[PDB]
Structure formats: structure tokens, C-alpha cells
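# Observations on the three-dimensional arrangement
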Amino acid sequence: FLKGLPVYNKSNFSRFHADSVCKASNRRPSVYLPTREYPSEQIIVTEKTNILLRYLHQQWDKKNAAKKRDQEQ
Amino acid sequence: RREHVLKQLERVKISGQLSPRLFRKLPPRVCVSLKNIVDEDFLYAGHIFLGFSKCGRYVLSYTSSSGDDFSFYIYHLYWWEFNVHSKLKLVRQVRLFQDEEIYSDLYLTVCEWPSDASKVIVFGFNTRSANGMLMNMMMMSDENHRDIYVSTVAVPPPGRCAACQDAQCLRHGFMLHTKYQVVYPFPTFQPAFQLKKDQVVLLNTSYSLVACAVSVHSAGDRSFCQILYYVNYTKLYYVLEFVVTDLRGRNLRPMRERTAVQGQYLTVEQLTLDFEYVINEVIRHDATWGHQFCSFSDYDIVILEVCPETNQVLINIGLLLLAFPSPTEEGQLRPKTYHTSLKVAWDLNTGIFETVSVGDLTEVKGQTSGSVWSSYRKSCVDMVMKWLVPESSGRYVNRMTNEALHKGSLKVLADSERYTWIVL
Amino acid sequence: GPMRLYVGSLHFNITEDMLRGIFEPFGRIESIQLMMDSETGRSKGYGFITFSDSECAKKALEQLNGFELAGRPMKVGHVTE
Amino acid sequence: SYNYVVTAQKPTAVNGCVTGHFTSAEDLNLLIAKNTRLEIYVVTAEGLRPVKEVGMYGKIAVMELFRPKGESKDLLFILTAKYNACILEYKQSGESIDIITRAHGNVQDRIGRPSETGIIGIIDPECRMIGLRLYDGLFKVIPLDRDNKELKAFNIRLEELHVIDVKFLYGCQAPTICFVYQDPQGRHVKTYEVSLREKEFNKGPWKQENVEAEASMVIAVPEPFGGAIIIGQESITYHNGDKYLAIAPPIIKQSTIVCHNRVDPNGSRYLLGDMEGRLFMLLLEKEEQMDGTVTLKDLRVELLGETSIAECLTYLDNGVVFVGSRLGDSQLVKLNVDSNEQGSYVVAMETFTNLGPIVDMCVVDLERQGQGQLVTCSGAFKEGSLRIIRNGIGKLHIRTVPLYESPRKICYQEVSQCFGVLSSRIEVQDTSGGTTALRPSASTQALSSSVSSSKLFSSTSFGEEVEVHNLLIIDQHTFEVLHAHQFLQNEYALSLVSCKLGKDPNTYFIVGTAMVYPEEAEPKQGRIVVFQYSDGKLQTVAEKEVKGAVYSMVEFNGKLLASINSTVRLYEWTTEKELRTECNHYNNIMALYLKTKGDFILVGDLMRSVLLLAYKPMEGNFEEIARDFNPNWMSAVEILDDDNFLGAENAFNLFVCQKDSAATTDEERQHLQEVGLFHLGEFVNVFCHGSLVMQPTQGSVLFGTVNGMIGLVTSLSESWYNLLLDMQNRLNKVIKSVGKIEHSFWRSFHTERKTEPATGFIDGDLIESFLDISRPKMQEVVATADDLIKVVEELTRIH
Ligand SMILES: Cc1ccc(NS(=O)(=O)c2ccc(CN)cc2)c2[nH]cc(C#N)c12
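This entry, as listed in the PDB, derives from X-ray crystallography and reports a resolution of 2.6100 Å.

Chain C carries the name RBM39 in the PDB entry, which gives Homo sapiens as its organism. Under its PDB header, the title given for this structure is "Crystal structure of full-length human DCAF15-DDB1-deltaPBP-DDA1-RBM39 in complex with 4-(aminomethyl)-N-(3-cyano-4-methyl-1H-indol-7-yl)benzenesulfonamide".

With the PDB entry as reference, chain A is termed DET1- and DDB1-associated protein 1, source organism Homo sapiens. As stated in UniProt under Function (literature references left out), the record for chain A gives "Functions as a component of numerous distinct DCX (DDB1-CUL4-X-box) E3 ubiquitin-protein ligase complexes which mediate the ubiquitination and subsequent proteasomal degradation of target proteins. In the DCX complexes, acts as a scaffolding subunit required to stabilize the complex." Under the UniProt heading Pathway, the note attached to chain A is "Protein modification; protein ubiquitination."

## Re the interface of chain B and chain D
Contacts between chain B and chain D engage 45 residues on the former and 57 residues on the latter. Taken together, the elements giving at least two residues each to the side of chain B that touches chain D come down to α1 (5–15) and α5 (370–386) of chain B. In the side of chain B that touches chain D, the residues fall into 19 nonpolar, 10 polar and 16 charged.

## Regarding the sheet that holds strand β57 (residues 672–679) of chain D
Residue and element names in this part refer to chain D. Read from one edge of the open sheet, four strands run β54-β55-β56-β57, paired in antiparallel fashion. At either end of the open sheet lies a strand with only one pairing partner, and these are β54 (634–639) and β57. Strand-to-strand twist across the sheet, computed as the mean angle between neighbouring axes with direction ignored, equals 20 degrees. Here seven bridges tie strand β56 (residues 653–659) to β57, and the two strands are oriented antiparallel to one another. In the sheet register, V656 faces β57, and the bridge partner there is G676.

## Section: the state of the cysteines
For the structure on display, the rule yields one disulfide over all chains. Here D:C86 stays free of any disulfide, with the sulfur of D:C127 as its closest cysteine sulfur at 16 Å.

## Details of the arrangement of the chains
For the four pairs of chains in contact, the largest share of contacts goes to chains A and D. Across all C-alpha pairs, the smallest distance from chain A to chain C is 17 Å, and the two are not in contact. Spatially, chain C and chain D are disjoint, and the shortest separation between their C-alpha atoms is 13 Å.

## Section: the pattern of salt bridges
Taken as a whole, this structure holds 64 salt bridges over all chains when the rule is applied. A salt bridge links B:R146 to C:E24, with the shortest nitrogen-to-oxygen separation between them at 2.7 Å. A residue pair is termed interchain when its members come from two chains, as with B:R146 in strand β10 (residues 146–154) and C:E24 in the loop between α1 (16–23) and β2 (29–36). Residues B:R146 and C:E24 agree in their burial class; the two are buried. A salt bridge links C:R20 to C:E24; the nearest nitrogen and oxygen atoms lie 2.9 Å apart. A single burial state applies to C:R20 and to C:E24, both of which are buried.

## Re the interface of chain D and chain A
Contact with chain D, which involves 83 residues of that partner, is made by 45 residues of chain A. Across the side of chain D that touches chain A, the residue classes tally to 38 nonpolar, 16 polar and 29 charged. Where strand β2 (residues 42–46) of chain A meets strand β9 (residues 96–106) of chain D, two bridges bridge the pair, whose relative direction is parallel. Within β9(D), the position partnered with A:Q42 by the bridge is D:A103.

Reading guide: rules and limits
Residues numbered from 1 in each chain as written, not as in the entry; some residues may be left out. Chains lettered and ligands numbered in written order. Heavy atoms only, no water. Residues with missing side-chain atoms left out of burial classes, pairs and counts. UniProt positions renumbered as here; feature names shortened; annotations may be inferred. Contact = heavy atoms within 4.5 Å. Helix = DSSP H or I, 4+ residues; strand = E, 2+ residues; numbered from the N terminus. Nonpolar A, V, L, I, M, F, W, Y, C, P; charged D, E, K, R; others polar. Pairing = 2+ DSSP bridges. Axes fitted to C-alpha atoms, helices over the stretch in contact; angles between N-to-C directions. Disulfide = S-S within 2.5 Å. Salt bridge = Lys/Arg side-chain N within 4 Å of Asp/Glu carboxyl O. Buried < 20%, exposed > 50% of the residue type's maximum accessible area, 1.4 Å probe, protein only.

As C-alpha cells, then:
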């Protein structure tokens, strides 16, 4: 059949109950007020070189290596 | 199939996504006849309307009065007030290229910088330069030269500010003007690249590329030098009281002062890059065929990209040269004429230029020399179109042109942000 | 002037300034007319170029008719008016 | 002018929902993105256990969980609407809960225009890179490696300038993207191999394939099957090289599939969400190989039942799915093996309140006197309702009145003790040549009904959706639809007002309509109809034909002020009980919003900012006083006082422009200078002069947003502003931000044209956070008044 759905745990949703019908504006999660400072490992940065300027630069570096490998045939 | 306007409006309420890019397929909201908004009609001069400004508040126009007596033209620029269905109200009148003798009718273009709305630039060029003779009918033209007229004018203020009128006239009512001659192959006009960096203009004068920056500063001393944070560089200051530029407010030249001035001062910067020096350096240091090189006959420079963040200018150097063929001997090794291209990145901050790519030598087996530049320019158009990335609206270079007096068709003046047309 | 050419099958992003740049090396150009579409505000892909000398126009025609410009073969021909 | 913006109700619409193992390696978490709110839950026996709610300084545009090599548990990636990218980690030390910012930084580019389908963020299955589709013709690549101090991101040019959707494919040697793009030839599907070494695209494993013209979504099928699934309007396809399977079920042709969710970890079953709320099940028939690999045999879709109009679907555990709705209430549903009497396999377990979208509202003293109550028009389509919000002592109390159709406008008529509600229901044409209703709604279930018998406009397509507009007369106590007046065929009711006109002692219900024919797109004609609900029945008093759409309509000194397309017109109520034009104003583009105070009129234009008109009683005409010259695409306007005006634009910002006091010449008298700038992060549809508290500093303006957020705008004194500004700047030096996003940067006025710092506004949410922090870490006081409870606690009394 279409059913036989995954089970990460049989206990999940086995004791769930809410004595209400179509009413739940409870924003139960307590808000997080961070006051402690913990440094970051990395810093996300963008490559400033233009995409065309980058392509023309590496293509010229590959064209030089094709001619600069003539010490040996 | 086009969706109804009310259906689109309904969707905005429930989605919260409203943008001009979303409403692009939508027809214009309002289109007013030019005749209905213009005043003191009759035959009211020869006003050639250019178009809306990027802000959509100003509508520009110009006039080209000949004076049929000889004849030397006078070009005047105007700024009008758009108030939808109401009449246009003139806000600024300016004379362009003061004390300049214009023999032939100029093809002029008014431009705006991507984010600097405080000033506008006006390019102007003729088909050919005026000669030094006369052949009854007219003065005649020089087939080897062309005149280029560049001028920067300040935009009227949004309102208020420093109203220190010593009786009319104010703080930002400056004008700058220059003129240079060009040779064959006449440099290409690239306004989208030439003005990609705010307050700057890249000018091709055949012999070199000039980066000109014009800026005004007040009491504080935080921002200094746009260009150049060796090759030639000049920086001059002007207060009210190498391409030759003569400044003015609305009259004559303001007093050229120095750094010790207090109040308001204008700065003119010019960084030049000598083409022949660049060509010789690239061939000498980076060319693989440098040993075969003898001399170059002609060159043509085209801009490929301008990076306003890193202050880098990517140029392509089409070069006609004379060189010896490959060391292989099949007989007489007499030199031949070759065409090639050199790509160089020009750093505006440091002033140093770097070699990006060096082309191979293609033999010119008797080409018309005109076809060489026509083919080279097609490859530049091919390259730019190939690597074309759409930019943000409000970051574009607004180019305004109305070729009405030059055997040319303009019917609509559109403000594609407010969906407004001015039907001519 | 002596000759008026028809330039067609152009990419919509190709400008009049680009058209000038490609044709000007063949000779003196009297005028250029790249047709714009009023509604869109973009090009129609066709135009007219008038040379000051007939000879230059023919040479431009031979080297530009049927050759690719931005991947689309360009159409260059004679038009009286 | 100085103002104080505070939240009464936080946004409740669900924008994104994702599952993983974020708080612990064994915990099964559900993370909900509610605009700027990040709700973290743990799936237990009692259901969803609340953890914490992370308040981000930015709109959550991308939310994905990923686990790189040698990581204890899943890491979270957040990308804001202002391009603030960050990698977060959850850490709990017994009782102390803390979110660590592993990496952070802005990824915006000065070039590139934002894409039509918005920000798309995808992570490689082997956690080798992060792929971002921000702008047209570009694809940003963020490599993942904790070895380097920085994360050098770069752009790779994308030949396809109009990308619909993109995903990373599973079971590949090199990271491979699979996307659907549009061009003049139609829509196609393409793949590229991303090379981190060369920083470029390489030839995709499988190439060119002509897909449906309305192909909107891409599904990356996990490791066993491989390839991708493409969902369109008419068909669902499977692609994996020469392997191709396509199905055209007629059931999915009636409504657009807008969301999906993987049920099985191997990708055998997928849940599909519909615009109509129908829940589907996409089955992928397995075909095991003797090689050890697996293939696909068939594709089949099965209708499960009906749910809320879902934005995101998320399978939790043991046949229970979370339905994340933005146009209505969110649900917890159960997928059962046995279908009920209706033939539905899905049953609802719990329903979560969603007030958004708030399209219109009003403040009324319903029960008791002097205590205000908001009466909003919430939701859309079958999710449409009316919400009654009030500050109840013994915080907020909501009462839902389901309509089963989109409400549009609302007004109160106290003399009649009822509400006037404009509603719109969708009808489908059949083989009878007439339309039928999809479901019984409020307009079809009324006690008494009527149809418009007008002949002003004396002189369709099968299977096309048409809107049927009605005026609902709803009781104030029972909220039962007392009367439903059906307008003309192809007539849309846009504006609504309840007032007395001229010397007439009768209170009327005035409706502004517009004719929407399937032939023409432009609204060329409409009407202004005057109704009176005397005693249990509605009667048509008068009608005035107009040459356009009646957008806004407000009462003006016993007169009827209306906006018709680009015209702002004033009407007089004659002795014969007819409307007569007095004066007109034509200098507008799309006059959608009108607000009046005395003889002044604040005109809000959809594209041409705001404008101030003044009615001259002696002359009997309007006068253009001042204009806001800055280009703004308006959403809602409000009059603060005689000199200051409040506005809300399309870039989720608020602004306040005023009359220049230092102006000397008449041209300077016409310039409205913007003195207040603030980034709200919401899209305001309506402003209201009111307060939910029984009746420090003047001003009280309520506003409803698309996300269901309800806020307040109160005017502050220059002394109070300078105090609160210094306290706000001192609070940011003690209160930290998740993702290291500067508060000054977040609240900054940002548009695609300009960016300027926040001014003339105070973030009330940040000020009131002073009460929640610990006593020792409250040293924002450097002169004494250590006990700053007299302030803030008095500021919280405005709610
Ligand atoms: C190669 C080239 C490049 C650019 C030119 N102009 S631009 O105004 O800078 C420009 C226009 C349109 C786009 C993209 N839509 C990009 C730049 C040019 N003008 C004559 C040229 C030649 N030859 C030429």
C-alpha cells in the first residue's frame, strides 16, 4: 500500500494531546537574549576580481604553460 | 495571455511582493502629449527634447541655433519641471562649450552617472573636423580628423541648502568644458563603460586614455583624491570669486586656488595612460613573439569592462604591426604585416597597468585595413555580449539622444519606473 | 549621399554606437538610423547606414554581409530610400 | 518628527520549515522560519517541545541544515534578505543555551539585479560547497573548509539568465547542479559540474531536454535512484540521462503544485502541496538491479485529502506531517492507512493561529465601552476569515470567524450594530454555460440574499476561474452573515465606507466597484453604489457611473471623496439623494490610498510616492500643497498630524515626510522633506488610528502586515527621542546578534536605488528587551537612576 511510513522513534506523538479545537496562538518557545561573546572561526568574503578579468588571466596562464614546457619535448 | 491589472493588485495584498520588475508586462499608466504640457507654443524655437532624468522629476531638451549669416552654432541645454498633466516649468538654461567655434552640426549626447545625480555630462562630435580652406559652398571638411566636445554641467538643487545669495545664483552651478581631436581609426563611443565609475569619465584621444574626475568638497577634510589613491597625473583646485579644461560657473573662469582655501572648492583630476608606451612594454616584457617585432603602424583601443569597486579598467588594444615570420626558413624571410590584440588591466588607484592576455600574429594577406578594424571591433562586441551580466536598475548609465536634425524618429520619452510616456 | 545600406538581422542589444564602430573604418558615414521600438524602448534589429562615398559602401557590404555578429549573421544590402 | 515602533503581535505566517538533528545528534528537530523569527522544536512523545526562538536581524531567505565531515551534529545555514550569510551551531552547557556563529559575512554584489524567482540557496550532498542563486546570470559558490581562516566566495557566469529553480544532484563525482531556465524557445532543463579548482562550470552529465512551459520546481532524488524530478502545471517528469519517464495526471491540471517534501530517506515517496489545499503523494516505483544499483520503473500520484494552503510541507514522524501555511492556519496532520467516510486519509490533530495576510482592519469598542478591539480581514481563498483581537485582562485574545472565501474590506456601522465586509469567491464554469461554487462559503450560506439589478452596462471561457464579489452584512455579536448582496457579472468591489452624507440623517454602506471583463485588461468603467441596511434588509439607494476603478473612498466633511484610476474626485450628496461632482485632481498615476484630516487630504500613489491636497471651501476645489519628490512605491499611508505623514513602501520600509518649516519661497513650500527612515521588515497593508488598551507621549497608530504582525506607531518628544536613541545605541553594545549582524545595518533604509542609516525612529522591540536581560549586565546607564523600571515598564503600558 501507499502506507508503511518511516519511524525515527515509536514513542514520538504517542502521548501528544491538546484539549482544544482549531485554536493555538501559543508562542511557547522562550526568546533567546544573547549576552555572551564567542568568536567566529571563519569570515565569509567575496572574490573582488571580475569574472571576465579572472577568465582571461587564467586562460593566458594556461597558454603560457603550454609553450613554457618546451625544455623537454 | 495578459493578466488584468486588478488581478495583479489583488495578489500584492496577499503576497507582499510589489515591484516594477513584476509589473514590466503592464502597459504605461499615463502618456501626455508634448503639445499639452508645453507652454508659449506657436513655433517656440527648435527644442529637441532628450528625455526624463533617472529621478523622473526633470525632462531635458536642447537647441541648435545656426545663425544663417560663415555660420557658427550655439548649443543650449535646458531643465524642465514634470508635474503630470500640468504645464512644464523651466528651471535651468545653460550655454554649452563656451567660446567655441562649431563649424559643423554636432551629434550630442547627454549622460547621467549610475548613482551620482548632482551632475550630467554632454558629449558632442562632428562627422569630420573643419579644414583650413574654403570651397565657395562652405569651409569644407578634413577627412583625417574629428572633433570631440565634452562638457560636465551641475544639476539644479533638489531645494533649500546654503542660500547665501549676495545680490539668482548659487553654490553648485559650475560648468566644465574641454575639446580634443582624434585620428583614424576614430575611437569608438562607449558611454556605458566611459561612465561606469561615478564622477569619472574615460576619454579616448587616439594617443592615450584619460580618466577625468570632477568633485566638490566643503569644510571637512575626509574625502580626497578619487583617481590615483610613474605616469602623468594632474590635480587642480577651483574656488568662486593632459586634456585642456576651462571651467566656469555661468560666466567665465572661477579663481584657480590651492589647498589652503576654506568654504567650497572644486577639484579636477586627470590620470593619463600613454598607448604607445603600453604597447611597447607588453611586447618587450610579455609577448612570446617579441623578438620578431619591428614596429607597429596603427592601433585601436576598445574598453571591455570597468570595475568601479576595484578601480580597474579592462581595455583591448587592436594593433597593426610589422614583424619577421617564424624562424622556419622556406626561403626569403622578408617581414610581413600582422594584426593582433593586447589586453591590459589599468589600476586607477595605483596607476600601474598589468598584462592580461597577448594575442597571436595573424597575417594580413592584403586586407583593406578598414576590414582589419571592422573585424577587430566585431570580436570586441562578441566578447562584451558573451560576458554580459544584467545590472541593477538605478545603477545604469542613462544615455539620452534625439537625432532629429541629423537625417533621423523619436516618438516617445519614457519614464519606465513611474510608467509614464511623453508622446512627441 | 551616394549610397544607403540596409543593416538587418541584428541582435537587440547591439547599439547604434556599435554599428558606427564596425562601419566607420570603411569610410565616411553621412548618417545612421537604428530603428527603435517605441513600446519596448529597445532596438528592432534593423537599420540604415548612408556612406558619403559609394565605393566605401560597397567594400563595407562585401566584408559584412552574411558574417556573424554576436552569433547572428548580419544582412547588408542596397536601399534607395 | 520622532516615532516609537513596537510589536503587539509577532508575525505568525510560516515562511519556511526544515527538519534535522540541530540541538543534539539524537534529537529530531523542527525549525520554523517566521520572517525574522526562528522557532526551534524537539519531536517528543507529547509532540513538539519548545526550545528557543531566535530573533534574527534580517528576513530568513535561506534555511538549510547540513553536516560536514567529522561534525558532532547538524549545522545551520542562514541567509537573510539583505544578504547576511552565517553558519550557526547549537551548544548547551547543562542549562545555558547558546548559538555559536561559526562563519559570517555579507555576500551582496553591487552588480547583478535580484532574480524574479528570488533567493535560492542549495547545499552539496557531500557538504563540499554552498550554491547561491541571487542575481541574473550569476551563481555564487561558497567553499566549505575549516582549514582556512576565510571562506573565499566567488561567482561563476551562468549563460541562462532566467533560472526558475536549481538543486544539487546526488550520487556524483563532482558537485553537479540541475536547473530549469526560460528563454524565447520555452523552458528547458540543464546541468553543470562545478569545479572548485578552476572556478568554472563544466559539461553536465546529461544535457538538453525540452520541459513544460510552466515547469516550476526541481526535486533532487537521493543517492539510490539519482537524477531529478520536474513538476509543472500538466505533467511530472523524471530525468537521469537517457532514462526518462513522464506522466500527465488530469487531477493536478486543475490547480498548481507549489510545494513538496521527501518522506522516505531513499526517495520512494513525496508529498505534494496544491494552491487549493489538496494533499498528494508522488510514488516512485523501485526497480532493483542484479548489479547492486537501483532504478525507477513508474511514477504515480494519489490524492490523500485536504489540508491548509501550505507554503511548506514537512514530515515529522509516525505518519504526522507539519503543514506550514502563510495564507492561513498551520496544522499538525495525521496520515492514516484507512480513509474516513469522506474518502480522506488525512485528519487534523492541531491548528496554529495565523492572522496573515491582514488586508484590512478596523478598531471598534465591541463589548463594553472604551476598550478597543481589532477586527481584521485575514487569510485568502478557503482560508479566509475574520479575526477579533483584543487585550484581555485574565496577553492577546483571538476569535476566528471562518468565511471560506477571500475577505477584502471591512467597516463598522454602529447605528446598525453590524459590519460591512466585501468578499470574493472563486467559481468554475461547467457545461451549463454558467458558473458553480467550489465549496459553500459565507456569501452562499447567508440568511437572506440579493442580486444587483442594475442596467448601467446593457451591452467567458470554459474551465476558467472567475471571481464573484459580494457585500456581507455581518452581525457584531454572533458574527452571522445577515445579508449577502451579489454584485454584477464581472464586477469587482474594491472600496467600502460607512457614513452619513450631507444633511441626510441616514447612515449608508457605500461601495466602489470596477468592471473586469475577460476581453480587456484595463479597468475602463465602474460604479459607486449607495446601500442602506435599514432593518434586516438591504436597499439600493443610488448609483453613479464612473470611467474607471474606484480604488479608495473616504468620507470628507459630509461628502464622498473617491479615487478613480488617476483622478481624486469629490462628490456631493444632493437633496434628490444623488452624487454630484464638485472638483477633480488629475496629477496622479494610481491613486490607491486616501487619508483625510480636516481640509487636508493625503494621497498615496502606487508608483509616485505621496501628495498633499487641500480642499478650499470658498473656491470649492483642491490645491496641491506639497509633494514627496523621492521615488517610492507605496503600500499604505497614514496622517500622523497636520504636518507629518506616515508611509509604507514596497521595500519593507517606513518613512515620515513633513512640511518644510524653514521654507521661504513657494517652491520650497511644495517639498515634503523625509525626516524619518526605518526598515520594518514587513509589508504594511493598513494603518489605523487606535489602541487596544483602556483610555506619557501622544500618538497611537496600529498597522497590519502580510505576515500577520500587528504593530504600533507612537510619536515621541525630541527629549524622549534623544534619550531612547542613546539607550538604543548602548543596548546594542550589550545585547549580541546571532550571525553578527549590526542592528544599525538591519534597521537601515535599504532600496535597490539607495541606502541610508535609520533616523527619526526608535526600535521599541530592542528597548523593551532591557527588562529580559540579567541585572549585572544592565550597565547601559552612564548618566543616575540605576532603577530604570520607571521607564520601559511605563513604555510597555502602551500595548
Ligand atoms: C565593443 C563595444 C562595447 C561597448 C560599447 N558601448 S557602451 O555604451 O559602453 C555599451 C553598450 C551596451 C552594452 C550591453 N548591452 C555594454 C556597453 C561600444 N560602442 C561601440 C563599440 C564597438 N566596436 C562598443
